[PDB]
>>> print(open('target.pdb').read())   # PDB, N, CA and C atoms
ATOM      1  N   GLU C   1      16.420  -7.128 -30.657
ATOM      2  CA  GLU C   1      15.493  -7.799 -31.582
ATOM      3  C   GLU C   1      14.048  -7.265 -31.426
ATOM      4  N   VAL C   2      13.608  -6.443 -32.382
ATOM      5  CA  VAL C   2      12.330  -5.746 -32.243
ATOM      6  C   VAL C   2      11.203  -6.729 -31.973
ATOM      7  N   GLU C   3      11.216  -7.866 -32.657
ATOM      8  CA  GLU C   3      10.125  -8.804 -32.464
ATOM      9  C   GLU C   3      10.081  -9.273 -31.022
ATOM     10  N   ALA C   4      11.241  -9.462 -30.409
ATOM     11  CA  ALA C   4      11.233  -9.966 -29.049
ATOM     12  C   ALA C   4      10.889  -8.843 -28.073
ATOM     13  N   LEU C   5      11.368  -7.638 -28.350
ATOM     14  CA  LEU C   5      10.987  -6.496 -27.541
ATOM     15  C   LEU C   5       9.485  -6.305 -27.578
ATOM     16  N   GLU C   6       8.883  -6.514 -28.744
ATOM     17  CA  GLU C   6       7.451  -6.315 -28.866
ATOM     18  C   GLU C   6       6.706  -7.255 -27.942
ATOM     19  N   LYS C   7       7.147  -8.517 -27.892
ATOM     20  CA  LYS C   7       6.521  -9.474 -26.996
ATOM     21  C   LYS C   7       6.678  -9.040 -25.547
ATOM     22  N   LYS C   8       7.870  -8.553 -25.171
ATOM     23  CA  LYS C   8       8.099  -8.143 -23.790
ATOM     24  C   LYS C   8       7.247  -6.938 -23.426
ATOM     25  N   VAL C   9       7.117  -5.985 -24.342
ATOM     26  CA  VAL C   9       6.265  -4.836 -24.071
ATOM     27  C   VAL C   9       4.828  -5.300 -23.904
ATOM     28  N   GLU C  10       4.380  -6.205 -24.765
ATOM     29  CA  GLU C  10       2.985  -6.613 -24.689
ATOM     30  C   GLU C  10       2.711  -7.306 -23.368
ATOM     31  N   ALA C  11       3.656  -8.142 -22.917
ATOM     32  CA  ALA C  11       3.545  -8.780 -21.608
ATOM     33  C   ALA C  11       3.580  -7.765 -20.469
ATOM     34  N   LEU C  12       4.487  -6.798 -20.533
ATOM     35  CA  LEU C  12       4.533  -5.766 -19.506
ATOM     36  C   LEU C  12       3.222  -4.992 -19.430
ATOM     37  N   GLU C  13       2.620  -4.693 -20.575
ATOM     38  CA  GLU C  13       1.371  -3.948 -20.567
ATOM     39  C   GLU C  13       0.300  -4.672 -19.783
ATOM     40  N   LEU C  14       0.202  -5.998 -19.952
ATOM     41  CA  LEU C  14      -0.805  -6.743 -19.222
ATOM     42  C   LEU C  14      -0.450  -6.791 -17.745
ATOM     43  N   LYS C  15       0.835  -7.032 -17.444
ATOM     44  CA  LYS C  15       1.307  -7.031 -16.071
ATOM     45  C   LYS C  15       1.004  -5.712 -15.391
ATOM     46  N   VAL C  16       1.209  -4.602 -16.096
ATOM     47  CA  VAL C  16       0.967  -3.298 -15.489
ATOM     48  C   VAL C  16      -0.520  -3.068 -15.314
ATOM     49  N   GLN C  17      -1.327  -3.518 -16.267
ATOM     50  CA  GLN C  17      -2.760  -3.412 -16.080
ATOM     51  C   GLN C  17      -3.195  -4.170 -14.837
ATOM     52  N   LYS C  18      -2.704  -5.391 -14.675
ATOM     53  CA  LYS C  18      -3.131  -6.168 -13.524
ATOM     54  C   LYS C  18      -2.676  -5.506 -12.234
ATOM     55  N   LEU C  19      -1.445  -5.003 -12.202
ATOM     56  CA  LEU C  19      -0.989  -4.260 -11.028
ATOM     57  C   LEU C  19      -1.846  -3.040 -10.767
ATOM     58  N   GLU C  20      -2.167  -2.288 -11.814
ATOM     59  CA  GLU C  20      -3.020  -1.122 -11.638
ATOM     60  C   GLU C  20      -4.341  -1.476 -10.965
ATOM     61  N   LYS C  21      -4.949  -2.605 -11.363
ATOM     62  CA  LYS C  21      -6.195  -3.078 -10.759
ATOM     63  C   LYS C  21      -6.019  -3.417  -9.288
ATOM     64  N   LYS C  22      -5.010  -4.221  -8.960
ATOM     65  CA  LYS C  22      -4.785  -4.581  -7.571
ATOM     66  C   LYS C  22      -4.468  -3.354  -6.723
ATOM     67  N   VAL C  23      -3.633  -2.459  -7.230
ATOM     68  CA  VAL C  23      -3.283  -1.264  -6.471
ATOM     69  C   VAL C  23      -4.492  -0.345  -6.298
ATOM     70  N   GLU C  24      -5.335  -0.198  -7.324
ATOM     71  CA  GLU C  24      -6.522   0.620  -7.106
ATOM     72  C   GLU C  24      -7.443  -0.054  -6.113
ATOM     73  N   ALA C  25      -7.438  -1.382  -6.090
ATOM     74  CA  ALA C  25      -8.212  -2.101  -5.092
ATOM     75  C   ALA C  25      -7.711  -1.791  -3.688
ATOM     76  N   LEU C  26      -6.392  -1.842  -3.485
ATOM     77  CA  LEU C  26      -5.835  -1.567  -2.170
ATOM     78  C   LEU C  26      -6.054  -0.113  -1.780
ATOM     79  N   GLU C  27      -5.923   0.806  -2.732
ATOM     80  CA  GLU C  27      -6.059   2.225  -2.401
ATOM     81  C   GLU C  27      -7.483   2.564  -1.999
ATOM     82  N   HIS C  28      -8.454   1.943  -2.657
ATOM     83  CA  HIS C  28      -9.862   2.243  -2.483
ATOM     84  C   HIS C  28     -10.464   1.371  -1.401
ATOM     85  N   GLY C  29      -9.743   0.341  -0.981
ATOM     86  CA  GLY C  29     -10.262  -0.582   0.016
ATOM     87  C   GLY C  29     -11.385  -1.452  -0.506
ATOM     88  N   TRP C  30     -11.318  -1.839  -1.779
ATOM     89  CA  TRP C  30     -12.386  -2.642  -2.361
ATOM     90  C   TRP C  30     -12.412  -4.013  -1.689
ATOM     91  N   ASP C  31     -13.607  -4.436  -1.266
ATOM     92  CA  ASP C  31     -13.863  -5.797  -0.789
ATOM     93  C   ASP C  31     -13.113  -6.105   0.505
ATOM     94  N   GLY C  32     -13.083  -5.152   1.432
ATOM     95  CA  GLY C  32     -12.504  -5.392   2.738
ATOM     96  C   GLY C  32     -11.015  -5.136   2.846
ATOM     97  N   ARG C  33     -10.347  -4.856   1.738
ATOM     98  CA  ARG C  33      -8.949  -4.486   1.753
ATOM     99  C   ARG C  33      -8.626  -3.354   2.713
TER     100      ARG C  33
ATOM    101  N   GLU E   1      15.291   4.462 -30.994
ATOM    102  CA  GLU E   1      16.574   3.745 -30.920
ATOM    103  C   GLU E   1      16.422   2.379 -30.209
ATOM    104  N   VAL E   2      16.438   1.294 -30.987
ATOM    105  CA  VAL E   2      16.127  -0.027 -30.441
ATOM    106  C   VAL E   2      17.016  -0.343 -29.249
ATOM    107  N   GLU E   3      18.294   0.004 -29.339
ATOM    108  CA  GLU E   3      19.184  -0.332 -28.242
ATOM    109  C   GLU E   3      18.732   0.354 -26.968
ATOM    110  N   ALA E   4      18.242   1.581 -27.079
ATOM    111  CA  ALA E   4      17.855   2.287 -25.872
ATOM    112  C   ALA E   4      16.502   1.781 -25.377
ATOM    113  N   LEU E   5      15.604   1.468 -26.300
ATOM    114  CA  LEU E   5      14.341   0.867 -25.915
ATOM    115  C   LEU E   5      14.582  -0.440 -25.187
ATOM    116  N   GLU E   6      15.563  -1.209 -25.645
ATOM    117  CA  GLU E   6      15.828  -2.492 -25.021
ATOM    118  C   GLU E   6      16.215  -2.304 -23.569
ATOM    119  N   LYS E   7      17.063  -1.305 -23.302
ATOM    120  CA  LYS E   7      17.448  -1.023 -21.930
ATOM    121  C   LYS E   7      16.238  -0.624 -21.099
ATOM    122  N   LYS E   8      15.350   0.210 -21.659
ATOM    123  CA  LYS E   8      14.180   0.655 -20.909
ATOM    124  C   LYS E   8      13.239  -0.504 -20.621
ATOM    125  N   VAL E   9      13.053  -1.394 -21.589
ATOM    126  CA  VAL E   9      12.209  -2.555 -21.349
ATOM    127  C   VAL E   9      12.829  -3.413 -20.259
ATOM    128  N   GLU E  10      14.140  -3.609 -20.313
ATOM    129  CA  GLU E  10      14.757  -4.493 -19.335
ATOM    130  C   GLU E  10      14.606  -3.918 -17.940
ATOM    131  N   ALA E  11      14.768  -2.594 -17.811
ATOM    132  CA  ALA E  11      14.541  -1.921 -16.535
ATOM    133  C   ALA E  11      13.085  -2.015 -16.087
ATOM    134  N   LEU E  12      12.144  -1.797 -16.996
ATOM    135  CA  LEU E  12      10.738  -1.929 -16.644
ATOM    136  C   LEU E  12      10.412  -3.335 -16.155
ATOM    137  N   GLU E  13      10.984  -4.352 -16.789
ATOM    138  CA  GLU E  13      10.704  -5.718 -16.374
ATOM    139  C   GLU E  13      11.082  -5.945 -14.927
ATOM    140  N   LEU E  14      12.238  -5.418 -14.502
ATOM    141  CA  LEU E  14      12.648  -5.602 -13.123
ATOM    142  C   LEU E  14      11.749  -4.794 -12.200
ATOM    143  N   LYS E  15      11.449  -3.548 -12.594
ATOM    144  CA  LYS E  15      10.543  -2.707 -11.831
ATOM    145  C   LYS E  15       9.197  -3.378 -11.653
ATOM    146  N   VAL E  16       8.685  -4.008 -12.707
ATOM    147  CA  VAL E  16       7.378  -4.648 -12.612
ATOM    148  C   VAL E  16       7.463  -5.889 -11.748
ATOM    149  N   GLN E  17       8.559  -6.630 -11.845
ATOM    150  CA  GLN E  17       8.721  -7.763 -10.954
ATOM    151  C   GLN E  17       8.706  -7.311  -9.504
ATOM    152  N   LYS E  18       9.445  -6.253  -9.195
ATOM    153  CA  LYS E  18       9.495  -5.817  -7.811
ATOM    154  C   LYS E  18       8.125  -5.349  -7.349
ATOM    155  N   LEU E  19       7.411  -4.608  -8.193
ATOM    156  CA  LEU E  19       6.045  -4.218  -7.847
ATOM    157  C   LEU E  19       5.153  -5.423  -7.638
ATOM    158  N   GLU E  20       5.246  -6.409  -8.524
ATOM    159  CA  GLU E  20       4.444  -7.613  -8.361
ATOM    160  C   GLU E  20       4.658  -8.262  -6.998
ATOM    161  N   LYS E  21       5.918  -8.316  -6.536
ATOM    162  CA  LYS E  21       6.246  -8.870  -5.221
ATOM    163  C   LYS E  21       5.622  -8.062  -4.095
ATOM    164  N   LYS E  22       5.813  -6.745  -4.105
ATOM    165  CA  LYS E  22       5.241  -5.916  -3.059
ATOM    166  C   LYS E  22       3.717  -5.990  -3.062
ATOM    167  N   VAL E  23       3.105  -5.943  -4.236
ATOM    168  CA  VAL E  23       1.650  -6.004  -4.312
ATOM    169  C   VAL E  23       1.130  -7.370  -3.861
ATOM    170  N   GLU E  24       1.812  -8.462  -4.217
ATOM    171  CA  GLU E  24       1.339  -9.744  -3.707
ATOM    172  C   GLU E  24       1.521  -9.805  -2.207
ATOM    173  N   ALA E  25       2.544  -9.130  -1.693
ATOM    174  CA  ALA E  25       2.721  -9.051  -0.253
ATOM    175  C   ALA E  25       1.549  -8.331   0.401
ATOM    176  N   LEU E  26       1.148  -7.185  -0.156
ATOM    177  CA  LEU E  26       0.041  -6.434   0.414
ATOM    178  C   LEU E  26      -1.264  -7.203   0.280
ATOM    179  N   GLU E  27      -1.467  -7.880  -0.847
ATOM    180  CA  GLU E  27      -2.731  -8.586  -1.058
ATOM    181  C   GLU E  27      -2.877  -9.755  -0.101
ATOM    182  N   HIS E  28      -1.776 -10.441   0.177
ATOM    183  CA  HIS E  28      -1.764 -11.655   0.971
ATOM    184  C   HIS E  28      -1.558 -11.334   2.435
ATOM    185  N   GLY E  29      -1.172 -10.102   2.738
ATOM    186  CA  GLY E  29      -0.898  -9.717   4.113
ATOM    187  C   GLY E  29       0.358 -10.355   4.669
ATOM    188  N   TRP E  30       1.376 -10.539   3.829
ATOM    189  CA  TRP E  30       2.598 -11.186   4.286
ATOM    190  C   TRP E  30       3.289 -10.294   5.315
ATOM    191  N   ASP E  31       3.670 -10.892   6.448
ATOM    192  CA  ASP E  31       4.520 -10.255   7.455
ATOM    193  C   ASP E  31       3.833  -9.066   8.122
ATOM    194  N   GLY E  32       2.549  -9.204   8.438
ATOM    195  CA  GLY E  32       1.844  -8.181   9.183
ATOM    196  C   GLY E  32       1.216  -7.086   8.346
ATOM    197  N   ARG E  33       1.471  -7.067   7.048
ATOM    198  CA  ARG E  33       0.830  -6.133   6.149
ATOM    199  C   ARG E  33      -0.685  -6.115   6.262
TER     200      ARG E  33
ATOM    201  N   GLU D   1       6.715  -2.344 -34.972
ATOM    202  CA  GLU D   1       6.918  -0.938 -35.356
ATOM    203  C   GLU D   1       7.612  -0.136 -34.229
ATOM    204  N   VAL D   2       8.903   0.156 -34.410
ATOM    205  CA  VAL D   2       9.696   0.753 -33.337
ATOM    206  C   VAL D   2       9.040   2.023 -32.820
ATOM    207  N   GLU D   3       8.506   2.838 -33.722
ATOM    208  CA  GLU D   3       7.920   4.087 -33.268
ATOM    209  C   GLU D   3       6.763   3.814 -32.327
ATOM    210  N   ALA D   4       5.989   2.772 -32.600
ATOM    211  CA  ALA D   4       4.840   2.520 -31.752
ATOM    212  C   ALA D   4       5.282   1.861 -30.448
ATOM    213  N   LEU D   5       6.278   0.989 -30.523
ATOM    214  CA  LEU D   5       6.836   0.412 -29.314
ATOM    215  C   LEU D   5       7.378   1.503 -28.414
ATOM    216  N   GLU D   6       8.000   2.515 -29.008
ATOM    217  CA  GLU D   6       8.579   3.579 -28.208
ATOM    218  C   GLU D   6       7.502   4.284 -27.410
ATOM    219  N   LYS D   7       6.360   4.552 -28.053
ATOM    220  CA  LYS D   7       5.257   5.182 -27.349
ATOM    221  C   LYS D   7       4.766   4.298 -26.212
ATOM    222  N   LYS D   8       4.654   2.983 -26.453
ATOM    223  CA  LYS D   8       4.164   2.082 -25.416
ATOM    224  C   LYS D   8       5.133   2.008 -24.248
ATOM    225  N   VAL D   9       6.430   1.977 -24.533
ATOM    226  CA  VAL D   9       7.406   1.966 -23.453
ATOM    227  C   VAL D   9       7.297   3.257 -22.660
ATOM    228  N   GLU D  10       7.159   4.382 -23.350
ATOM    229  CA  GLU D  10       7.135   5.647 -22.629
ATOM    230  C   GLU D  10       5.922   5.711 -21.722
ATOM    231  N   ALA D  11       4.775   5.222 -22.211
ATOM    232  CA  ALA D  11       3.572   5.136 -21.388
ATOM    233  C   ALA D  11       3.745   4.174 -20.217
ATOM    234  N   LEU D  12       4.328   3.007 -20.458
ATOM    235  CA  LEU D  12       4.574   2.070 -19.370
ATOM    236  C   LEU D  12       5.471   2.678 -18.299
ATOM    237  N   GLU D  13       6.489   3.428 -18.705
ATOM    238  CA  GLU D  13       7.385   4.028 -17.729
ATOM    239  C   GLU D  13       6.638   4.932 -16.774
ATOM    240  N   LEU D  14       5.698   5.734 -17.292
ATOM    241  CA  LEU D  14       4.949   6.619 -16.421
ATOM    242  C   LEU D  14       4.009   5.811 -15.541
ATOM    243  N   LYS D  15       3.336   4.815 -16.137
ATOM    244  CA  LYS D  15       2.464   3.931 -15.384
ATOM    245  C   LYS D  15       3.215   3.253 -14.258
ATOM    246  N   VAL D  16       4.439   2.803 -14.525
ATOM    247  CA  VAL D  16       5.204   2.113 -13.493
ATOM    248  C   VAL D  16       5.655   3.093 -12.430
ATOM    249  N   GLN D  17       6.021   4.305 -12.829
ATOM    250  CA  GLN D  17       6.353   5.301 -11.829
ATOM    251  C   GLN D  17       5.170   5.553 -10.910
ATOM    252  N   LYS D  18       3.987   5.718 -11.484
ATOM    253  CA  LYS D  18       2.838   6.008 -10.644
ATOM    254  C   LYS D  18       2.543   4.838  -9.720
ATOM    255  N   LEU D  19       2.625   3.613 -10.233
ATOM    256  CA  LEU D  19       2.458   2.446  -9.369
ATOM    257  C   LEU D  19       3.497   2.407  -8.270
ATOM    258  N   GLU D  20       4.753   2.675  -8.611
ATOM    259  CA  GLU D  20       5.796   2.692  -7.595
ATOM    260  C   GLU D  20       5.467   3.648  -6.455
ATOM    261  N   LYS D  21       4.934   4.836  -6.784
ATOM    262  CA  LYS D  21       4.531   5.819  -5.777
ATOM    263  C   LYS D  21       3.406   5.298  -4.898
ATOM    264  N   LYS D  22       2.336   4.789  -5.504
ATOM    265  CA  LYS D  22       1.229   4.272  -4.721
ATOM    266  C   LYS D  22       1.662   3.093  -3.855
ATOM    267  N   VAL D  23       2.450   2.184  -4.410
ATOM    268  CA  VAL D  23       2.899   1.029  -3.642
ATOM    269  C   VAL D  23       3.834   1.449  -2.507
ATOM    270  N   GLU D  24       4.723   2.419  -2.738
ATOM    271  CA  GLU D  24       5.547   2.855  -1.616
ATOM    272  C   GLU D  24       4.688   3.537  -0.575
ATOM    273  N   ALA D  25       3.615   4.189  -1.010
ATOM    274  CA  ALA D  25       2.682   4.778  -0.064
ATOM    275  C   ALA D  25       2.032   3.705   0.799
ATOM    276  N   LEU D  26       1.555   2.624   0.175
ATOM    277  CA  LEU D  26       0.913   1.559   0.928
ATOM    278  C   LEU D  26       1.911   0.857   1.836
ATOM    279  N   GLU D  27       3.137   0.653   1.362
ATOM    280  CA  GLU D  27       4.120  -0.075   2.166
ATOM    281  C   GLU D  27       4.518   0.717   3.399
ATOM    282  N   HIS D  28       4.624   2.032   3.256
ATOM    283  CA  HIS D  28       5.113   2.916   4.297
ATOM    284  C   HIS D  28       3.969   3.415   5.154
ATOM    285  N   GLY D  29       2.739   3.210   4.705
ATOM    286  CA  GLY D  29       1.581   3.701   5.434
ATOM    287  C   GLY D  29       1.451   5.209   5.396
ATOM    288  N   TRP D  30       1.827   5.829   4.278
ATOM    289  CA  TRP D  30       1.770   7.282   4.187
ATOM    290  C   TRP D  30       0.312   7.734   4.239
ATOM    291  N   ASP D  31       0.035   8.720   5.098
ATOM    292  CA  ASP D  31      -1.250   9.421   5.141
ATOM    293  C   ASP D  31      -2.393   8.504   5.570
ATOM    294  N   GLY D  32      -2.152   7.656   6.565
ATOM    295  CA  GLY D  32      -3.205   6.834   7.125
ATOM    296  C   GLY D  32      -3.425   5.503   6.436
ATOM    297  N   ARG D  33      -2.756   5.257   5.321
ATOM    298  CA  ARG D  33      -2.812   3.976   4.654
ATOM    299  C   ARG D  33      -2.518   2.797   5.566
TER     300      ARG D  33
END
>>> encode(input="target.pdb", output="structure tokens")
Amino acid sequence: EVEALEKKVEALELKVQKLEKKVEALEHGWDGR
Amino acid sequence: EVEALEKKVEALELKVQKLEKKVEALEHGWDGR
Amino acid sequence: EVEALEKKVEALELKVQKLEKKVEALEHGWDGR
């Protein structure tokens, strides 16, 4: 169902963005990490 | 191909869940991390 | 739009691969991590 896939992709995109932020934080040692 | 996209989304969802777990582990310092 | 969803999935797949690499690096302590 394309409409439902679209929702899942949109959710994954935000999830991946948030992971990218946390992982760049850990890699760079931002804020005592 | 919607059917193939569906499989890729379903795989990504599990991959993102597993990443979310590991990243929350690293952020929280679970188990000596 | 399936064509656009396909592009987003393909981008997410690479993003998730790269995250998987960085996270396995952090988990394993590769290279001083």
>>> atom_distance(input="target.pdb", atom1="CA of residue 8 in chain D", atom2="CA of residue 22 in chain C")
21.0 Å
>>> residues_around(input="target.pdb", residues="range 5-7 of chain C", least_positions_apart="4", cutoff="8 Å", atoms="all atoms listed in the file", output="MDAnalysis selection string")
(chainID C and resid 1 11:13) or (chainID E and resid 5:6 9) or (chainID D and resid 1 5)
>>> resolve_selection(input="target.pdb", expression="the ChimeraX specification (/C@CA @<10) & /E@CA", output="short mmCIF file (atom, residue, chain, number, x, y, z; two decimals) with N, CA and C atoms, in the frame of the given file")
data_model
loop_
_atom_site.label_atom_id
_atom_site.label_comp_id
_atom_site.auth_asym_id
_atom_site.auth_seq_id
_atom_site.Cartn_x
_atom_site.Cartn_y
_atom_site.Cartn_z
N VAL E 2 16.44 1.29 -30.99
CA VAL E 2 16.13 -0.03 -30.44
C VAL E 2 17.02 -0.34 -29.25
N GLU E 3 18.29 0.00 -29.34
CA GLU E 3 19.18 -0.33 -28.24
C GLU E 3 18.73 0.35 -26.97
N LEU E 5 15.60 1.47 -26.30
CA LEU E 5 14.34 0.87 -25.92
C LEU E 5 14.58 -0.44 -25.19
N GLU E 6 15.56 -1.21 -25.64
CA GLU E 6 15.83 -2.49 -25.02
C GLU E 6 16.22 -2.30 -23.57
N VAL E 9 13.05 -1.39 -21.59
CA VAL E 9 12.21 -2.56 -21.35
C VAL E 9 12.83 -3.41 -20.26
N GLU E 10 14.14 -3.61 -20.31
CA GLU E 10 14.76 -4.49 -19.34
C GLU E 10 14.61 -3.92 -17.94
N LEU E 12 12.14 -1.80 -17.00
CA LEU E 12 10.74 -1.93 -16.64
C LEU E 12 10.41 -3.34 -16.16
N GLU E 13 10.98 -4.35 -16.79
CA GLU E 13 10.70 -5.72 -16.37
C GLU E 13 11.08 -5.94 -14.93
N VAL E 16 8.68 -4.01 -12.71
CA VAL E 16 7.38 -4.65 -12.61
C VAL E 16 7.46 -5.89 -11.75
N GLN E 17 8.56 -6.63 -11.84
CA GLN E 17 8.72 -7.76 -10.95
C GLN E 17 8.71 -7.31 -9.50
N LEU E 19 7.41 -4.61 -8.19
CA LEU E 19 6.04 -4.22 -7.85
C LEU E 19 5.15 -5.42 -7.64
N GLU E 20 5.25 -6.41 -8.52
CA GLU E 20 4.44 -7.61 -8.36
C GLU E 20 4.66 -8.26 -7.00
N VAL E 23 3.10 -5.94 -4.24
CA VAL E 23 1.65 -6.00 -4.31
C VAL E 23 1.13 -7.37 -3.86
N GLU E 24 1.81 -8.46 -4.22
CA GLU E 24 1.34 -9.74 -3.71
C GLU E 24 1.52 -9.80 -2.21
N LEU E 26 1.15 -7.18 -0.16
CA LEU E 26 0.04 -6.43 0.41
C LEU E 26 -1.26 -7.20 0.28
N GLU E 27 -1.47 -7.88 -0.85
CA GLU E 27 -2.73 -8.59 -1.06
C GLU E 27 -2.88 -9.76 -0.10
N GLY E 29 -1.17 -10.10 2.74
CA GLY E 29 -0.90 -9.72 4.11
C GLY E 29 0.36 -10.36 4.67
#
>>> select_by_dssp(input="target.pdb", residues="chain D", states="alpha helix (DSSP H)", output="number ranges by chain")
D: 2-28
>>> write_last_selection(input="target.pdb", atoms="N, CA and C atoms", output="PDB file, in the frame of the given file")
ATOM      1  N   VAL D   2       8.903   0.156 -34.410  1.00  0.00           N
ATOM      2  CA  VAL D   2       9.696   0.753 -33.337  1.00  0.00           C
ATOM      3  C   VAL D   2       9.040   2.023 -32.820  1.00  0.00           C
ATOM      4  N   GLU D   3       8.506   2.838 -33.722  1.00  0.00           N
ATOM      5  CA  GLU D   3       7.920   4.087 -33.268  1.00  0.00           C
ATOM      6  C   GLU D   3       6.763   3.814 -32.327  1.00  0.00           C
ATOM      7  N   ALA D   4       5.989   2.772 -32.600  1.00  0.00           N
ATOM      8  CA  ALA D   4       4.840   2.520 -31.752  1.00  0.00           C
ATOM      9  C   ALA D   4       5.282   1.861 -30.448  1.00  0.00           C
ATOM     10  N   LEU D   5       6.278   0.989 -30.523  1.00  0.00           N
ATOM     11  CA  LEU D   5       6.836   0.412 -29.314  1.00  0.00           C
ATOM     12  C   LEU D   5       7.378   1.503 -28.414  1.00  0.00           C
ATOM     13  N   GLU D   6       8.000   2.515 -29.008  1.00  0.00           N
ATOM     14  CA  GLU D   6       8.579   3.579 -28.208  1.00  0.00           C
ATOM     15  C   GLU D   6       7.502   4.284 -27.410  1.00  0.00           C
ATOM     16  N   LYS D   7       6.360   4.552 -28.053  1.00  0.00           N
ATOM     17  CA  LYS D   7       5.257   5.182 -27.349  1.00  0.00           C
ATOM     18  C   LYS D   7       4.766   4.298 -26.212  1.00  0.00           C
ATOM     19  N   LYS D   8       4.654   2.983 -26.453  1.00  0.00           N
ATOM     20  CA  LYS D   8       4.164   2.082 -25.416  1.00  0.00           C
ATOM     21  C   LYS D   8       5.133   2.008 -24.248  1.00  0.00           C
ATOM     22  N   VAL D   9       6.430   1.977 -24.533  1.00  0.00           N
ATOM     23  CA  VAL D   9       7.406   1.966 -23.453  1.00  0.00           C
ATOM     24  C   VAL D   9       7.297   3.257 -22.660  1.00  0.00           C
ATOM     25  N   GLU D  10       7.159   4.382 -23.350  1.00  0.00           N
ATOM     26  CA  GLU D  10       7.135   5.647 -22.629  1.00  0.00           C
ATOM     27  C   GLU D  10       5.922   5.711 -21.722  1.00  0.00           C
ATOM     28  N   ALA D  11       4.775   5.222 -22.211  1.00  0.00           N
ATOM     29  CA  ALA D  11       3.572   5.136 -21.388  1.00  0.00           C
ATOM     30  C   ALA D  11       3.745   4.174 -20.217  1.00  0.00           C
ATOM     31  N   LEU D  12       4.328   3.007 -20.458  1.00  0.00           N
ATOM     32  CA  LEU D  12       4.574   2.070 -19.370  1.00  0.00           C
ATOM     33  C   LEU D  12       5.471   2.678 -18.299  1.00  0.00           C
ATOM     34  N   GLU D  13       6.489   3.428 -18.705  1.00  0.00           N
ATOM     35  CA  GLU D  13       7.385   4.028 -17.729  1.00  0.00           C
ATOM     36  C   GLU D  13       6.638   4.932 -16.774  1.00  0.00           C
ATOM     37  N   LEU D  14       5.698   5.734 -17.292  1.00  0.00           N
ATOM     38  CA  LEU D  14       4.949   6.619 -16.421  1.00  0.00           C
ATOM     39  C   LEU D  14       4.009   5.811 -15.541  1.00  0.00           C
ATOM     40  N   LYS D  15       3.336   4.815 -16.137  1.00  0.00           N
ATOM     41  CA  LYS D  15       2.464   3.931 -15.384  1.00  0.00           C
ATOM     42  C   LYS D  15       3.215   3.253 -14.258  1.00  0.00           C
ATOM     43  N   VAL D  16       4.439   2.803 -14.525  1.00  0.00           N
ATOM     44  CA  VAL D  16       5.204   2.113 -13.493  1.00  0.00           C
ATOM     45  C   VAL D  16       5.655   3.093 -12.430  1.00  0.00           C
ATOM     46  N   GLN D  17       6.021   4.305 -12.829  1.00  0.00           N
ATOM     47  CA  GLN D  17       6.353   5.301 -11.829  1.00  0.00           C
ATOM     48  C   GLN D  17       5.170   5.553 -10.910  1.00  0.00           C
ATOM     49  N   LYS D  18       3.987   5.718 -11.484  1.00  0.00           N
ATOM     50  CA  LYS D  18       2.838   6.008 -10.644  1.00  0.00           C
ATOM     51  C   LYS D  18       2.543   4.838  -9.720  1.00  0.00           C
ATOM     52  N   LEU D  19       2.625   3.613 -10.233  1.00  0.00           N
ATOM     53  CA  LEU D  19       2.458   2.446  -9.369  1.00  0.00           C
ATOM     54  C   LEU D  19       3.497   2.407  -8.270  1.00  0.00           C
ATOM     55  N   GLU D  20       4.753   2.675  -8.611  1.00  0.00           N
ATOM     56  CA  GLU D  20       5.796   2.692  -7.595  1.00  0.00           C
ATOM     57  C   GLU D  20       5.467   3.648  -6.455  1.00  0.00           C
ATOM     58  N   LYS D  21       4.934   4.836  -6.784  1.00  0.00           N
ATOM     59  CA  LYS D  21       4.531   5.819  -5.777  1.00  0.00           C
ATOM     60  C   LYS D  21       3.406   5.298  -4.898  1.00  0.00           C
ATOM     61  N   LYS D  22       2.336   4.789  -5.504  1.00  0.00           N
ATOM     62  CA  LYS D  22       1.229   4.272  -4.721  1.00  0.00           C
ATOM     63  C   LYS D  22       1.662   3.093  -3.855  1.00  0.00           C
ATOM     64  N   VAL D  23       2.450   2.184  -4.410  1.00  0.00           N
ATOM     65  CA  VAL D  23       2.899   1.029  -3.642  1.00  0.00           C
ATOM     66  C   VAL D  23       3.834   1.449  -2.507  1.00  0.00           C
ATOM     67  N   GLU D  24       4.723   2.419  -2.738  1.00  0.00           N
ATOM     68  CA  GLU D  24       5.547   2.855  -1.616  1.00  0.00           C
ATOM     69  C   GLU D  24       4.688   3.537  -0.575  1.00  0.00           C
ATOM     70  N   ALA D  25       3.615   4.189  -1.010  1.00  0.00           N
ATOM     71  CA  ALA D  25       2.682   4.778  -0.064  1.00  0.00           C
ATOM     72  C   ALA D  25       2.032   3.705   0.799  1.00  0.00           C
ATOM     73  N   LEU D  26       1.555   2.624   0.175  1.00  0.00           N
ATOM     74  CA  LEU D  26       0.913   1.559   0.928  1.00  0.00           C
ATOM     75  C   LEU D  26       1.911   0.857   1.836  1.00  0.00           C
ATOM     76  N   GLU D  27       3.137   0.653   1.362  1.00  0.00           N
ATOM     77  CA  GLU D  27       4.120  -0.075   2.166  1.00  0.00           C
ATOM     78  C   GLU D  27       4.518   0.717   3.399  1.00  0.00           C
ATOM     79  N   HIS D  28       4.624   2.032   3.256  1.00  0.00           N
ATOM     80  CA  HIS D  28       5.113   2.916   4.297  1.00  0.00           C
ATOM     81  C   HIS D  28       3.969   3.415   5.154  1.00  0.00           C
TER      82      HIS D  28
END
>>> atom_distance(input="target.pdb", atom1="atom C of residue 30 in chain E", atom2="CA of residue 14 in chain E")
21.2 Å
>>> axis_aligned_box(input="target.pdb", around="range 17-27 of chain E", padding_each_side="3 Å", output="AutoDock Vina command-line options")
--center_x 3.3 --center_y -7.0 --center_z -5.7 --size_x 18.4 --size_y 11.6 --size_z 18.3
>>> atom_distance(input="target.pdb", atom1="CA of residue 28 in chain C", atom2="atom N of residue 31 in chain E")
20.9 Å
